[PDB]
Structure formats: structure tokens, C-alpha cells
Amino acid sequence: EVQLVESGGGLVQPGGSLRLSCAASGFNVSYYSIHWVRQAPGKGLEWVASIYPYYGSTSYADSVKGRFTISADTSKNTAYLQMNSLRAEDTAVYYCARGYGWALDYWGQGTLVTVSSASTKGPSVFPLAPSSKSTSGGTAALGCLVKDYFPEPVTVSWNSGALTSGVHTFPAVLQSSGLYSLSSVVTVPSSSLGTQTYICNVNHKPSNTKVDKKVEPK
């Protein structure tokens, strides 16, 4: 089976240099056309670079001109988007993909590339605690507030994966400070509020952080 694997994602300073690597399996990249496509958070798809076969020969989105160099090393069955002069607009998930005529039939999973002056910082985990008034028919809502972390992503698990119903982890938001914060909530029976403990497991790999907060009434 043909696969495509991106690599080299991470955090980078404005004006900094990064280099991604699209690693191929199931096919040799010399015969095929290979492209780089990126997706800003919650935005459409944007193409940046194409490498065509036989004769190298490239095409680049006007915005990434001169700053970006797509290329490929056939010996090592791999391509490379090289970004220099990187600006805050280039932060996105970078996809690499094989050409199918004028289409793109196979894709990587991507890597996130964050360019900013903020620094890598684990999250603060503050509670969202349930109340006794909030007995609807008998349903309550508690949550974790995952605040002031950089850069994405964070992952949030409720009760070590054993609490999968009524839960909504939210898209993270960028704040004026430049820090990420995310909230994760779960509705649960107001009955079991007293006898059943609820822990949210927060994992933020960029700073090697994994904490388990217990959310309890006052």
C-alpha cells in the first residue's frame, strides 16, 4: 500500500528557516508529480508548491515565492518543502501529495508548523465545577479549562477514556497574549455527581506535559 508521511513540523521563529520532508512508500517519486498543500486552522486548502517529474521543474504559489523551495531526492525517495523568511501567515498544517494527472490522489496526514515569537509552555488546568442548583431533571455539567499553553496541540481525555458520552472538547482559541486555551466539558447525571469522581486527562506533548485534574464541587 502506498503511503505518504510528512516530517519536520514544529515551532519556528518569524523569519526562521524550516524544512519538511515528504517520505514515500509504495512508489518512487521520480515518475510522479509531488505537491505541498497547507491548511490554516479552520480555513480552506492552499497550494504552495509542485515538483513535476522527469526534469525537476517547479511551481510555487505567488505568496510563498522565493521564500519556499520544493525539491526531491530520488535516491532517498523523498521531497522537501524548504521555507525561509517565514512569516506568521505561514502557520498551518502542511500536506504533501502525489499527482494523479492534474489531480492529487494520495495525501499525507500532515504536520503542524507554528511560526510565532511565543515560546513553548505547558498548560494551566483550572476547573469548571458543577453546582447543586444545576439539577435540570437531574443532569449536571463539569469541565476543565486548559489555559495558556503554546503551541498546539493539546489532547483532553475524560476519566482515562472511560467517559465518552455527553462530552465536548472545544476548538482552541488564540488569545491576545498569543497563548492557546481550550475548554472541555461533559454533562453527566446529577445523581452520580456525589459518588462518582471525574478526572480530565490533559496531554500537551510540545512541552512534555500530561496532567490529570479532578473536578469536584466547591
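One rule holds for the numbers: they count along the sequence shown, beginning at 1.
Here the stretch with the larger average CA B-factor, out of 168 to 176 and 58 to 66, is 58 to 66.
On average the C-alpha atoms of 121 to 129 have higher B-factors than those of the other stretch, with 121 to 129 and 98 to 106 being the two compared.
Across the residues 184, 39, 191, 50, the deposited record lists the maximum Cα B factor for 191. Ranked by C-alpha B-factor against the other modelled residues of its chain, residue 201 falls in the middle third.
In this PDB entry, residue 21 carries a Cα temperature factor that places it within the lowest third of its chain's modelled residues.
Compared with the other modelled residues of the chain, the Cα B-factor recorded for residue 86 ranks in the highest third.
When all modelled residues of the chain are sorted by CA temperature factor, residue 114 is found within the lowest third. In the PDB entry, residue 159 places in the highest third of its chain by CA B-factor.
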